[PDB]
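Coming up are structure 1 and structure 2: the same protein chain in two forms, each one given alone as structure tokens.
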Structure 1
């Protein structure tokens, strides 16, 4: 299989996945496919963001890592001292991705470590392990590109998290300020007489219980929908749901 074919298999995933975000679980599968490796994609603190494992599944310690969704803290710290691609690491080296207590299985194994960088900083690590053959230039071309793309994706996720929490705050503030005082009260009555932050609403039944007009209730919900703090499909009954769960607390302030 040509390097060009291997890169195309990875790029096809990157170009055609659904949603805005690449799923690193998928990336791990594809990297494993084109390099015939055991693959970990881990965060800075060792959370397993994706894995694609074969021979490593034999090891009971590895099985436990998958359950905990974390590599050991010791290995985590070791990876963070690797600041350059280091390849063809053997089983008696502490950077090996194989369990030393299963040395006999992995006597000829090779590990390569690819730091994941973005925004000029270390965002995680991509680790590849083979039971037999050495890694070559093709493997490093694939791995370093993959690590770069994973870094881009983490950087995007991190920025979009920061942006979203800033823009949520503003949207909630705009929403709240667009309600009349009566409407603020109606919303309080609506979510009190709902099982929390969402559920099925019968406006008439709530209006009659708290002694207000359905019109005010309908108006307030319409305002919140257009503001985008709640979703609500209008089928007897109306399901409503708060998107920004910082809303109700802010509303009472």
Structure 2
């Protein structure tokens, strides 16, 4: 398979399509199969977002050892310190991604490390490994492109995650601030009865058993609904369905 053929595969298979969430496991398999390598996609903090081995090796002993090994966190955390592309790293190098014990099976291994950059910040690391062969200039071009694509998908993922967490934290703080002292106490009792974050509430009956008025319960939920912390729905002449939408709300509430 020629350089231009490999490029077509990666353009067609890695392209972001509307309606699809990025699956880093499947990204690693595409890279592994196109470039004939073992692939490890590592977040900036060292989490293995996705991996795939080149299972087309002749030696079942090598395959089984790679299948059995879990990349240590000590290694993945070192990758952040690699600031530029390091290619054709040998087995004696501390940056090798291959197992350290059986030096003779991996004596000819090469590791290549690509920093994944996005918006002027480190987003993660792409690590490629080969048991017997070198990374030539065509291989490095394909590796860099893969790293570029992954960075764009992480960047979109992180952008939306930071915005969501901020939206949730603002909603919780505004909900908690808008609650009176009695309304706060009622919410604590409400979720003490529901035994969780979701369930059916019979306000009148629960108000009776806790020594609180139905009006206080109703107003407290109304403020949480207005803040977007929960959703509420009456289920008939009695009963209200309650679901917390901000997971960290109750934890933050008790801190108030």
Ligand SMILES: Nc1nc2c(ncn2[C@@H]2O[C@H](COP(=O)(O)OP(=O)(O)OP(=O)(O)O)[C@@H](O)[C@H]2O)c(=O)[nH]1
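Positions refer to the first chain, counted from 1. Throughout, rigid core stands for the largest set of C-alpha atoms superposing within 1.5 Å between the two forms.
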Worksheet item: Is the form solved without ligand GTP structure 1 or structure 2?
Response: 2
Response to the item:
Across 165, 86, 92, 137, the single C-alpha shifting 2 angstroms or more between structures 1 and 2 with the core held fixed is at 165
Discussion item. After a rigid core superposition, would you say the CA of residue 174 moves by 2 angstroms or more between structures 1 and 2, or not?
Written reply: yes
Discussion item. When the rigid core is used for the superposition, does residue 71 move between structures 1 and 2 (threshold: C-alpha shift of 2 Å or more)?
Written reply: yes
Worksheet item: Is residue 224 one of the residues whose Cα moves 2 Å or more between structures 1 and 2, with the core superposed?
Response: yes
Worksheet entry | Rigid-core-fitted C-alpha displacement of residue 245 between structures 1 and 2 (angstrom) | 6.4
Worksheet item: Can you give the C-alpha shift of residue 192 between structures 1 and 2 in Å, rounded to one decimal, after superposing the rigid core?
Response: 11.1
Worksheet entry | Distance the CA of residue 153 travels between structures 1 and 2 [rigid core superposed, Å] | 0.6
